[PDB]
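**Student:** Quick one: the structure is below, and I'll ask about it shortly.
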Amino acid sequence: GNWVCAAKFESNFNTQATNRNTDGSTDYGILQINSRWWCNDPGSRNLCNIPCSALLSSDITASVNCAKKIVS
Amino acid sequence: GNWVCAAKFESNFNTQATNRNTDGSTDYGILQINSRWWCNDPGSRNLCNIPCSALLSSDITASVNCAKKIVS
Amino acid sequence: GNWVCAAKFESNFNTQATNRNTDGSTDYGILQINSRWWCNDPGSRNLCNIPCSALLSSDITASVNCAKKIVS
Amino acid sequence: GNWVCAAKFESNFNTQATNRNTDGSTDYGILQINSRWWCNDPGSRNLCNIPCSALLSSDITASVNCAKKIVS
Amino acid sequence: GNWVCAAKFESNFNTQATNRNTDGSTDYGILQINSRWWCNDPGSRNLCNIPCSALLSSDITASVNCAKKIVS
């Protein structure tokens, strides 16, 4: 049978006087899939490493997203 | 059967007086797939490393996205 | 069966008086796929390394995207 | 079956009075695919390295995209 | 079956009074494909290195895209 995965749907109709704002949001930041269909059978593998190492150190980031914002 | 994966759909209809703003957002920042169909069977592999090493150091970033913004 | 993956769809109809702004956003920043079809079977591989090394150092970035903005 | 991958679709109809702005955005920043069809079987490989090394150093970037902007 | 990959489609119809602006954006910054069809089987390989090394040094970039802009 058919599959929908991780799909984002948006619809807007007759919308008026609308603001949308977005600072530093994330969707689906890390996504990993294995999928076999109809198969007659050592296995698929996914890895994902995000190491941060910081020593004597400041304000480091390891990330999918990073936003730094200053407003006066 | 059919598959939809990670698809982003947007529709706008009759929209008026609309602002959209976006600072430093992310979608689907890392996406990994393995897929086999109809297959008669050492396995496919995906790796993803984002190492940050920072030593005696400042304001480093390792990322899919990085935004730095200052407004006065 | 048919597949849709990571497709971005947008539709706008009768739209009026519209602003769209986008600073430092990202979509699908890293995307990795393996796919076998109808196959009678050492395995496909994808790698992706983004290392940052910083020592005694400042404001470094290793990234798919990097945006720096100053406004007065 | 047929496949759509990483395709970006946009349609605009009867649109009026529209601004679109975009600073430093990215789509599909790194994309890697392996694909085999109808095959009777050492494996295809993709690698991608973005190393940044910075020592005693400032404001370095290793990136797919880099935008620096100043406005007064 | 047929394939669409990384295709960018745009359509504009009856559009009026339109600005589109774009500073330092990127699409499909790095794209890597391997593909075999109908094949009876040492494997194709893609590499992509973007090293930046900076020592005692300033404002270096190694990138697919780099935009620097100043406005007064």
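**Student:** Using Cβ counts within 10 Å as a stand-in for footprinting exposure, how do A:37, B:3, E:38 rank, fewest first?
**Tutor:** Neighbour counts put them in this order, fewest first: E:38, A:37, B:3.
**Student:** Compactness ratio of the protein assembly as shown: Cα Rg over 2.2 N^0.38 Å, N = residue count?
**Tutor:** Cα Rg divided by the expected 2.2 N^0.38 Å: 1.04.
**Student:** Of A:32, D:22, A:67, which is farthest towards the positive pole of the protein assembly as shown's charge dipole, taken about the Cα centre with +1 and -1 on the beta-carbons of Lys, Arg and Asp, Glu respectively?
**Tutor:** D:22
**Student:** Under 16 Å from the 7 Å Cα→Cβ point of residue D:2, by amide nitrogen: which residues of the stretch C:1-27?
**Tutor:** C:1-5, C:7
**Student:** Tell me the distances, shortest first, between residue C:40 and the same position across the other copies, using label points 7 Å along Cα→Cβ, in nm to one decimal.
**Tutor:** So the label point of residue C:40 gives 0.5, 0.5, 1.0, 1.0 nm to the other copies.
**Student:** What's the magnitude of the charge dipole for the protein assembly as shown around its Cα centre, counting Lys and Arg as +1 and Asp and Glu as -1 at the beta-carbon? Answer in Debye, nearest 20.
**Tutor:** Dipole magnitude for the protein assembly as shown comes out near 200 debye.
**Student:** In debye, nearest 20, what is the charge dipole magnitude of chain D about its Cα centre with +1 on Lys and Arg Cβ and -1 on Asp and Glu Cβ, if you could check?
**Tutor:** In total the dipole reaches around 40 debye.
**Student:** For every other residue with a beta carbon closer than 15 angstrom to the beta carbon of residue E:46, add +1 if it is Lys or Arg and -1 if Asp or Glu, then tell me the sum.
**Tutor:** Net charge around residue E:46: +4.
**Student:** With the label 7 angstrom out along Cα to Cβ, how close does residue E:10 come to the same site in each of the other copies, in nm, nearest first?
**Tutor:** 0.5, 1.0, 1.4, 1.9
**Student:** Counting other beta carbons within 10 Å of each Cβ, put D:52, A:66 in order, fewest first.
**Tutor:** Sorted ascending by nearby Cβ count, the order is A:66, D:52.
**Student:** Okay, moving on. Which semi-axis lengths, in whole Å and largest first, follow from the square roots of five times the eigenvalues of the Cα gyration tensor of the stretch E:1-61?
**Tutor:** Each semi-axis is the square root of five times an eigenvalue, giving 33, 31, 2 Å.
**Student:** Assume the label is 7 Å from Cα along Cα to beta carbon: what separations in nm does residue C:70 have to the matching positions in the other copies?
**Tutor:** When each copy's label point is compared with this one, the spacings are 0.5, 0.5, 0.9, 1.0 nm.
**Student:** How far is the Cα center of the stretch E:1-39 from the Cα center of the stretch B:13-72, in Å?
**Tutor:** 18
No Cβ is skipped: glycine too gets one built from the backbone with ideal geometry, and neighbour counts run over all protein chains shown. Read-outs: derived from the displayed coordinates by stated rules, not from any lab.
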